[PDB]
$ cat structure_1.pdb   # PDB, C-alpha atoms and all ligand atoms
ATOM      1  CA  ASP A  11      -8.398 -10.716   4.194
ATOM      2  CA  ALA A  12      -6.313  -7.553   3.857
ATOM      3  CA  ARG A  13      -9.510  -5.483   3.691
ATOM      4  CA  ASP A  14      -8.553  -3.579   6.869
ATOM      5  CA  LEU A  15      -5.368  -2.018   5.466
ATOM      6  CA  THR A  16      -4.982   1.742   5.298
ATOM      7  CA  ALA A  17      -5.291   3.491   1.946
ATOM      8  CA  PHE A  18      -1.541   4.221   2.128
ATOM      9  CA  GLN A  19      -0.741   0.544   2.691
ATOM     10  CA  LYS A  20      -3.099  -0.484  -0.113
ATOM     11  CA  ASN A  21      -1.384   2.003  -2.429
ATOM     12  CA  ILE A  22       2.014   0.459  -1.658
ATOM     13  CA  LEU A  23       0.622  -2.922  -2.676
ATOM     14  CA  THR A  24      -0.844  -1.427  -5.858
ATOM     15  CA  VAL A  25       2.588  -0.008  -6.733
ATOM     16  CA  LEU A  26       4.298  -3.361  -6.177
ATOM     17  CA  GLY A  27       1.584  -5.081  -8.208
ATOM     18  CA  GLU A  28       3.088  -3.391 -11.250
ATOM     19  CA  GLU A  29       6.613  -4.590 -10.460
ATOM     20  CA  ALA A  30       9.048  -5.115  -7.612
ATOM     21  CA  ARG A  31      10.744  -1.879  -6.610
ATOM     22  CA  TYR A  32      13.390  -0.405  -4.340
ATOM     23  CA  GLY A  33      12.104   1.608  -1.394
ATOM     24  CA  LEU A  34      13.060   4.957  -2.941
ATOM     25  CA  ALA A  35      11.211   3.989  -6.129
ATOM     26  CA  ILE A  36       8.050   3.119  -4.188
ATOM     27  CA  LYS A  37       8.287   6.558  -2.565
ATOM     28  CA  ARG A  38       8.443   8.236  -5.979
ATOM     29  CA  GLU A  39       5.448   6.302  -7.317
ATOM     30  CA  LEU A  40       3.437   7.280  -4.243
ATOM     31  CA  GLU A  41       4.493  10.924  -4.567
ATOM     32  CA  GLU A  42       3.292  10.928  -8.166
ATOM     33  CA  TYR A  43      -0.037   9.509  -6.987
ATOM     34  CA  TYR A  44      -0.559  11.913  -4.077
ATOM     35  CA  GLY A  45       0.957  14.989  -5.734
ATOM     36  CA  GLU A  46       2.652  15.607  -2.387
ATOM     37  CA  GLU A  47       5.891  14.591  -0.707
ATOM     38  CA  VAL A  48       5.905  11.278   1.159
ATOM     39  CA  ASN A  49       8.228  11.211   4.168
ATOM     40  CA  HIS A  50      10.640   8.329   4.718
ATOM     41  CA  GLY A  51       9.263   8.057   8.264
ATOM     42  CA  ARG A  52       5.820   7.224   6.937
ATOM     43  CA  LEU A  53       6.862   4.907   4.117
ATOM     44  CA  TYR A  54       9.299   2.566   5.809
ATOM     45  CA  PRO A  55       7.325   1.734   8.977
ATOM     46  CA  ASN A  56       4.430   0.884   6.662
ATOM     47  CA  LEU A  57       6.655  -1.297   4.489
ATOM     48  CA  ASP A  58       7.779  -3.143   7.623
ATOM     49  CA  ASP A  59       4.122  -3.573   8.601
ATOM     50  CA  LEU A  60       3.327  -5.125   5.220
ATOM     51  CA  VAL A  61       6.323  -7.463   5.449
ATOM     52  CA  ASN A  62       5.263  -8.552   8.938
ATOM     53  CA  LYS A  63       1.770  -9.224   7.566
ATOM     54  CA  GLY A  64       3.213 -11.481   4.857
ATOM     55  CA  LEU A  65       1.918  -9.288   2.028
ATOM     56  CA  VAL A  66       5.359  -8.009   0.960
ATOM     57  CA  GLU A  67       8.781  -9.667   0.826
ATOM     58  CA  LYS A  68      12.046  -7.761   1.261
ATOM     59  CA  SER A  69      15.388  -8.421  -0.436
ATOM     60  CA  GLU A  70      18.462  -6.598   0.857
ATOM     61  CA  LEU A  71      20.789  -5.375  -1.902
ATOM     62  CA  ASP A  72      23.547  -3.446  -0.099
ATOM     63  CA  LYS A  73      22.912  -1.524   3.134
ATOM     64  CA  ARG A  74      20.908   1.574   2.196
ATOM     65  CA  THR A  75      18.736  -0.148  -0.435
ATOM     66  CA  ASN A  76      16.157  -2.944  -0.294
ATOM     67  CA  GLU A  77      13.946  -4.375  -3.037
ATOM     68  CA  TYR A  78      10.310  -5.037  -2.128
ATOM     69  CA  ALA A  79       7.929  -7.407  -3.914
ATOM     70  CA  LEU A  80       4.409  -8.701  -3.497
ATOM     71  CA  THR A  81       3.958 -12.119  -2.021
ATOM     72  CA  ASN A  82       1.154 -14.214  -3.440
ATOM     73  CA  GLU A  83      -0.891 -13.210  -0.384
ATOM     74  CA  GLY A  84      -0.201  -9.564  -1.196
ATOM     75  CA  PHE A  85      -1.200 -10.073  -4.826
ATOM     76  CA  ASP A  86      -4.397 -11.799  -3.688
ATOM     77  CA  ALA A  87      -5.124  -8.676  -1.622
ATOM     78  CA  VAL A  88      -4.691  -6.443  -4.680
ATOM     79  CA  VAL A  89      -6.945  -8.678  -6.790
ATOM     80  CA  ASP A  90      -9.548  -8.960  -4.031
ATOM     81  CA  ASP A  91      -9.941  -5.180  -3.769
ATOM     82  CA  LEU A  92      -9.931  -4.723  -7.556
ATOM     83  CA  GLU A  93     -12.663  -7.359  -7.868
ATOM     84  CA  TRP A  94     -14.760  -5.613  -5.214
ATOM     85  CA  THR A  95     -14.225  -2.175  -6.782
ATOM     86  CA  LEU A  96     -15.192  -3.517 -10.209
ATOM     87  CA  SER A  97     -18.210  -5.393  -8.838
ATOM     88  CA  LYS A  98     -19.599  -2.060  -7.631
ATOM     89  CA  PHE A  99     -18.464   0.119 -10.546
ATOM     90  CA  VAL A 100     -19.596  -2.126 -13.434
ATOM     91  CA  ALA A 101     -23.263  -1.349 -12.841
ATOM     92  CA  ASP A 102     -24.473  -0.963 -16.452
ATOM     93  CA  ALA A 103     -23.262  -1.113 -20.048
ATOM     94  CA  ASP A 104     -21.825   2.415 -20.042
ATOM     95  CA  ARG A 105     -19.732   1.626 -16.951
ATOM     96  CA  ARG A 106     -18.558  -1.589 -18.614
ATOM     97  CA  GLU A 107     -17.537   0.389 -21.698
ATOM     98  CA  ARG A 108     -15.610   2.924 -19.618
ATOM     99  CA  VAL A 109     -13.632   0.222 -17.805
ATOM    100  CA  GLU A 110     -12.856  -1.742 -20.966
ATOM    101  CA  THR A 111     -11.560   1.413 -22.656
ATOM    102  CA  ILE A 112      -9.265   2.133 -19.694
ATOM    103  CA  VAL A 113      -7.891  -1.416 -19.705
ATOM    104  CA  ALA A 114      -7.298  -1.516 -23.467
ATOM    105  CA  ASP A 115      -5.605   1.900 -23.473
ATOM    106  CA  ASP A 116      -3.340   0.887 -20.585
ATOM    107  CA  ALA A 117      -2.360  -2.303 -22.417
ATOM    108  CA  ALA A 118      -1.740  -0.439 -25.679
ATOM    109  CA  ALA A 119       0.618   1.969 -23.886
ATOM    110  CA  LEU A 120       2.861  -0.878 -22.663
TER     111      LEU A 120
ATOM    112  CA  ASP B  11      -7.815  16.059  -2.991
ATOM    113  CA  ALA B  12      -9.888  12.881  -3.195
ATOM    114  CA  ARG B  13      -6.619  10.921  -3.224
ATOM    115  CA  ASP B  14      -6.101  11.824   0.452
ATOM    116  CA  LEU B  15      -9.302  10.080   1.597
ATOM    117  CA  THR B  16      -9.175   7.277   4.127
ATOM    118  CA  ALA B  17      -9.796   3.727   2.937
ATOM    119  CA  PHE B  18     -13.137   3.766   4.767
ATOM    120  CA  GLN B  19     -14.209   6.970   3.010
ATOM    121  CA  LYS B  20     -13.099   5.656  -0.387
ATOM    122  CA  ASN B  21     -15.157   2.525   0.257
ATOM    123  CA  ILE B  22     -18.269   4.634   0.894
ATOM    124  CA  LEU B  23     -17.721   6.261  -2.491
ATOM    125  CA  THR B  24     -17.306   2.842  -4.109
ATOM    126  CA  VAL B  25     -20.590   1.676  -2.599
ATOM    127  CA  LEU B  26     -22.379   4.755  -3.956
ATOM    128  CA  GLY B  27     -20.748   4.288  -7.342
ATOM    129  CA  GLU B  28     -22.977   1.237  -7.681
ATOM    130  CA  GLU B  29     -26.188   3.153  -6.932
ATOM    131  CA  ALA B  30     -27.527   5.774  -4.551
ATOM    132  CA  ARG B  31     -28.346   4.252  -1.188
ATOM    133  CA  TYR B  32     -29.988   4.907   2.146
ATOM    134  CA  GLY B  33     -27.498   5.093   4.997
ATOM    135  CA  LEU B  34     -28.472   1.732   6.473
ATOM    136  CA  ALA B  35     -27.893   0.168   3.053
ATOM    137  CA  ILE B  36     -24.388   1.662   2.849
ATOM    138  CA  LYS B  37     -23.749   0.119   6.275
ATOM    139  CA  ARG B  38     -24.831  -3.300   5.039
ATOM    140  CA  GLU B  39     -22.618  -3.106   1.947
ATOM    141  CA  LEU B  40     -19.588  -2.074   4.006
ATOM    142  CA  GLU B  41     -20.192  -4.854   6.546
ATOM    143  CA  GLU B  42     -20.314  -7.405   3.734
ATOM    144  CA  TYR B  43     -16.980  -6.032   2.508
ATOM    145  CA  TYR B  44     -15.195  -5.875   5.871
ATOM    146  CA  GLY B  45     -16.736  -8.975   7.430
ATOM    147  CA  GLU B  46     -17.130  -7.057  10.696
ATOM    148  CA  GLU B  47     -19.709  -4.717  12.171
ATOM    149  CA  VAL B  48     -19.623  -1.091  11.021
ATOM    150  CA  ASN B  49     -20.950   1.186  13.760
ATOM    151  CA  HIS B  50     -23.347   4.064  13.151
ATOM    152  CA  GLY B  51     -20.693   6.323  14.689
ATOM    153  CA  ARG B  52     -18.109   5.390  12.117
ATOM    154  CA  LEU B  53     -20.354   5.577   9.047
ATOM    155  CA  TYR B  54     -22.387   8.717   9.567
ATOM    156  CA  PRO B  55     -19.634  11.157  10.666
ATOM    157  CA  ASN B  56     -17.723  10.095   7.545
ATOM    158  CA  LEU B  57     -20.773  10.510   5.325
ATOM    159  CA  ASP B  58     -20.986  14.041   6.723
ATOM    160  CA  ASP B  59     -17.298  14.549   5.908
ATOM    161  CA  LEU B  60     -17.866  13.477   2.302
ATOM    162  CA  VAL B  61     -20.886  15.773   2.014
ATOM    163  CA  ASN B  62     -18.805  18.718   3.230
ATOM    164  CA  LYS B  63     -16.048  17.772   0.766
ATOM    165  CA  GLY B  64     -18.620  17.945  -2.043
ATOM    166  CA  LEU B  65     -18.204  14.274  -2.976
ATOM    167  CA  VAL B  66     -21.568  13.018  -1.688
ATOM    168  CA  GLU B  67     -24.986  14.641  -1.470
ATOM    169  CA  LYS B  68     -28.353  13.828   0.019
ATOM    170  CA  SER B  69     -30.547  13.528  -3.077
ATOM    171  CA  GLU B  70     -34.350  13.541  -3.275
ATOM    172  CA  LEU B  71     -35.089  11.306  -6.253
ATOM    173  CA  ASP B  72     -38.820  11.847  -5.716
ATOM    174  CA  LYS B  73     -41.084  13.096  -2.931
ATOM    175  CA  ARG B  74     -40.568   9.909  -0.879
ATOM    176  CA  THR B  75     -36.975   8.937  -1.775
ATOM    177  CA  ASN B  76     -34.096  10.714  -0.004
ATOM    178  CA  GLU B  77     -30.817   8.805  -0.354
ATOM    179  CA  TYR B  78     -27.074   9.398  -0.360
ATOM    180  CA  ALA B  79     -25.526   9.728  -3.804
ATOM    181  CA  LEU B  80     -22.283  10.625  -5.507
ATOM    182  CA  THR B  81     -21.905  14.138  -6.792
ATOM    183  CA  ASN B  82     -20.182  14.688 -10.124
ATOM    184  CA  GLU B  83     -16.986  15.308  -8.144
ATOM    185  CA  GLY B  84     -17.478  12.089  -6.183
ATOM    186  CA  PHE B  85     -17.914  10.088  -9.366
ATOM    187  CA  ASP B  86     -14.765  11.711 -10.753
ATOM    188  CA  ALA B  87     -12.985  10.598  -7.573
ATOM    189  CA  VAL B  88     -14.112   6.992  -8.029
ATOM    190  CA  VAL B  89     -13.039   6.959 -11.678
ATOM    191  CA  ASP B  90      -9.719   8.612 -10.867
ATOM    192  CA  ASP B  91      -8.783   5.937  -8.337
ATOM    193  CA  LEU B  92      -9.913   3.118 -10.623
ATOM    194  CA  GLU B  93      -7.785   4.559 -13.439
ATOM    195  CA  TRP B  94      -4.710   4.694 -11.204
ATOM    196  CA  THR B  95      -5.290   1.167  -9.897
ATOM    197  CA  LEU B  96      -5.690  -0.203 -13.423
ATOM    198  CA  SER B  97      -2.635   1.680 -14.698
ATOM    199  CA  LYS B  98      -0.585  -0.296 -12.151
ATOM    200  CA  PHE B  99      -2.481  -3.576 -12.503
ATOM    201  CA  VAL B 100      -2.561  -3.855 -16.314
ATOM    202  CA  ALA B 101       1.184  -4.454 -16.586
ATOM    203  CA  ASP B 102       1.232  -7.108 -19.341
ATOM    204  CA  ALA B 103      -1.142  -9.035 -21.589
ATOM    205  CA  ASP B 104      -2.090 -11.631 -18.972
ATOM    206  CA  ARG B 105      -3.090  -8.906 -16.509
ATOM    207  CA  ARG B 106      -5.118  -7.296 -19.309
ATOM    208  CA  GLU B 107      -6.920 -10.586 -19.949
ATOM    209  CA  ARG B 108      -7.589 -11.016 -16.230
ATOM    210  CA  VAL B 109      -9.357  -7.659 -15.939
ATOM    211  CA  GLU B 110     -11.288  -8.269 -19.166
ATOM    212  CA  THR B 111     -12.586 -11.501 -17.612
ATOM    213  CA  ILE B 112     -13.519  -9.859 -14.301
ATOM    214  CA  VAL B 113     -15.477  -7.168 -16.157
ATOM    215  CA  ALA B 114     -17.186  -9.663 -18.478
ATOM    216  CA  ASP B 115     -18.260 -11.854 -15.556
ATOM    217  CA  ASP B 116     -19.537  -8.811 -13.647
ATOM    218  CA  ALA B 117     -21.446  -7.657 -16.733
ATOM    219  CA  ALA B 118     -22.977 -11.117 -17.154
ATOM    220  CA  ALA B 119     -24.258 -11.022 -13.567
ATOM    221  CA  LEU B 120     -26.285  -7.863 -14.263
TER     222      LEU B 120
HETATM  223 CL    CL C   1      -6.875   4.816   5.455
HETATM  224 CL    CL C   2      -4.004   6.190   4.581
HETATM  225 CL    CL C   3      -8.149   2.465  -0.309
HETATM  226 CL    CL C   4      12.164   0.619  -9.949
HETATM  227 CL    CL C   5      15.807   2.283  -1.851
HETATM  228 CL    CL C   6      15.881   4.407  -6.780
HETATM  229 CL    CL C   7      -9.343  -1.493  -6.045
HETATM  230 CL    CL C   8     -15.724  -8.801  -4.452
HETATM  231 CL    CL C   9     -25.876   1.885 -19.674
HETATM  232 CL    CL C  10     -19.638   5.525 -17.197
HETATM  233 CL    CL C  11     -18.898  -1.383 -25.660
HETATM  234 CL    CL C  12     -15.412   5.407 -22.371
HETATM  235 CL    CL C  13     -30.760   1.662  -0.737
HETATM  236 CL    CL C  14     -31.177   4.606   6.293
HETATM  237 CL    CL C  15     -28.035   2.966   9.742
HETATM  238 CL    CL C  16     -32.432  -0.172   4.402
HETATM  239 CL    CL C  17     -17.593  -9.065  -0.338
HETATM  240 CL    CL C  18     -26.556  17.243   0.590
HETATM  241 CL    CL C  19     -22.687   8.764  -9.978
HETATM  242 CL    CL C  20      -9.447   1.542  -7.379
HETATM  243 CL    CL C  21      -3.825   7.454 -13.497
HETATM  244 CL    CL C  22      -2.599 -12.613 -13.128
HETATM  245 CL    CL C  23     -20.385 -13.181 -20.895
HETATM  246 CL    CL C  24     -24.314 -15.943 -16.882
HETATM  247 CL    CL C  25     -24.425 -15.868 -19.885
END

$ encode --input "structure_1.pdb" --output "structure tokens"
Amino acid sequence: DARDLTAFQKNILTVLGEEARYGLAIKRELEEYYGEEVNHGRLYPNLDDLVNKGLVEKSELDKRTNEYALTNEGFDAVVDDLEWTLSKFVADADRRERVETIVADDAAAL
Amino acid sequence: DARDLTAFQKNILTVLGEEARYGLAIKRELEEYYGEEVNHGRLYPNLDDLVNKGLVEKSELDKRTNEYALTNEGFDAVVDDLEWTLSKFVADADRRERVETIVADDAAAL
């Protein structure tokens, strides 16, 4: 599994689970999550790690810009952790109601 | 913030989101997740960290039950990360349906 990834690496995969993105756009999504700046020197070595692990695929677009996307193995890692999180969180009917409301509101906002 | 926690620390919170637990029980749940041993010396220093951060407490349910449990702030942290994860995962109708099915199957197992 990918269950030994860092939180930062897992968050990259979560970002790419929404859609494929350029490196700079991943950085912005992570900054919005953390509420803090994310340095290029942290992001890109971690992207290279995820590509080497087969969880992310890279597509070069010019010379300063790459597009990154989940592989199926990377998507499986996102789903695996979501399934585990939900298995623990959905502990009674009120928890089930909370989750279902979140999902339906996210879908309605699309 | 709770968004700066390590993956290991976030996984403790997830375990306690299911129910309050004795330390040895947290260890078991984490070992089932990771598929590798989790040493005393990794788990308990991090439990102490989460207590000092106000996310976990030692609770005394009755006179003979003293377990680890989420504080209100710890529960907020678990919900906050689930909300962010779902906001990125629920990216179209098929993703919506997938999460609905995960939740329904979890609920049925209760
Ligand atoms: Cl981490
Ligand atoms: Cl991290
Ligand atoms: Cl994480
Ligand atoms: Cl983008
Ligand atoms: Cl870029
Ligand atoms: Cl960009
Ligand atoms: Cl998750
Ligand atoms: Cl699971
Ligand atoms: Cl309930
Ligand atoms: Cl709830
Ligand atoms: Cl309901
Ligand atoms: Cl609700
Ligand atoms: Cl227990
Ligand atoms: Cl114990
Ligand atoms: Cl123990
Ligand atoms: Cl026990
Ligand atoms: Cl498992
Ligand atoms: Cl305490
Ligand atoms: Cl709680
Ligand atoms: Cl999550
Ligand atoms: Cl959010
Ligand atoms: Cl899907
Ligand atoms: Cl059902
Ligand atoms: Cl059933
Ligand atoms: Cl049934």

$ residues_around --input "structure_1.pdb" --residues "region 62-65 of chain B" --least-positions-apart "2" --cutoff "10 Å" --atoms "all atoms listed in the file" --output "list in words"
residues 11, 12, 23, 56, 57, 58, 59, 60, 67, 79, 80, 81, 82, 83, 84, 85, 86, 87 and 88 of chain B

$ interface_residues --input "structure_1.pdb" --of "chain B" --to "chain A" --cutoff "7 Å" --atoms "only C-alpha atoms" --output "PyMOL selection string"
chain B and resi 13+16-17+24-25+27-28+44+93+95-103+106+110+112-113+116-117

$ closest_atom_pairs --input "structure_1.pdb" --of "chain B" --to "ligand CL 14 (chain C)" --cutoff "10 Å" --atoms "all atoms listed in the file" --output "Markdown table"
| residue | atom | partner | partner_atom | distance |
| --- | --- | --- | --- | --- |
| B:31 | CA | C:CL14 | CL | 8.0 |
| B:32 | CA | C:CL14 | CL | 4.3 |
| B:33 | CA | C:CL14 | CL | 3.9 |
| B:34 | CA | C:CL14 | CL | 4.0 |
| B:35 | CA | C:CL14 | CL | 6.4 |
| B:36 | CA | C:CL14 | CL | 8.2 |
| B:37 | CA | C:CL14 | CL | 8.7 |
| B:76 | CA | C:CL14 | CL | 9.2 |
| B:77 | CA | C:CL14 | CL | 7.9 |
| B:78 | CA | C:CL14 | CL | 9.2 |

$ write_last_selection --input "structure_1.pdb" --atoms "C-alpha atoms" --output "JSON list (two decimals), in the coordinates of the input"
[["chain", "number", "residue", "atom", "x", "y", "z"],
["B", 31, "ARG", "CA", -28.35, 4.25, -1.19],
["B", 32, "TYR", "CA", -29.99, 4.91, 2.15],
["B", 33, "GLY", "CA", -27.50, 5.09, 5.00],
["B", 34, "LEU", "CA", -28.47, 1.73, 6.47],
["B", 35, "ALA", "CA", -27.89, 0.17, 3.05],
["B", 36, "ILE", "CA", -24.39, 1.66, 2.85],
["B", 37, "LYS", "CA", -23.75, 0.12, 6.28],
["B", 76, "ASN", "CA", -34.10, 10.71, 0.00],
["B", 77, "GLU", "CA", -30.82, 8.80, -0.35],
["B", 78, "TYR", "CA", -27.07, 9.40, -0.36]]

$ calpha_fit_rmsd --input "structure_1.pdb" --fixed "chain A" --moving "chain B"
2.4 Å

$ resolve_selection --input "structure_1.pdb" --expression "the PyMOL selection byres (((not hetatm)) within 7 of (chain C and resi 18))" --output "ChimeraX atom specification"
/B:61,66-69

$ atom_distance --input "structure_1.pdb" --atom1 "CA of residue 39 (chain B)" --atom2 "atom CL of ligand CL 1 (chain C)"
18.0 Å

$ atom_distance --input "structure_1.pdb" --atom1 "CA of residue 51 (chain B)" --atom2 "CA of residue 30 (chain B)"
20.4 Å

$ closest_residue --input "structure_1.pdb" --among "A:75, A:38, A:48, A:22" --to "ligand CL 3 (chain C)" --atoms "all atoms listed in the file"
A:22

$ atom_distance --input "structure_1.pdb" --atom1 "CA of residue 41 (chain B)" --atom2 "atom CL of ligand CL 20 (chain C)"
18.7 Å

$ axis_aligned_box --input "structure_1.pdb" --around "region 16-34 of chain A" --padding-each-side "8 Å" --output "lines of an AutoDock Vina configuration file"
center_x = 4.0
center_y = -0.1
center_z = -3.0
size_x = 34.7
size_y = 26.1
size_z = 32.5
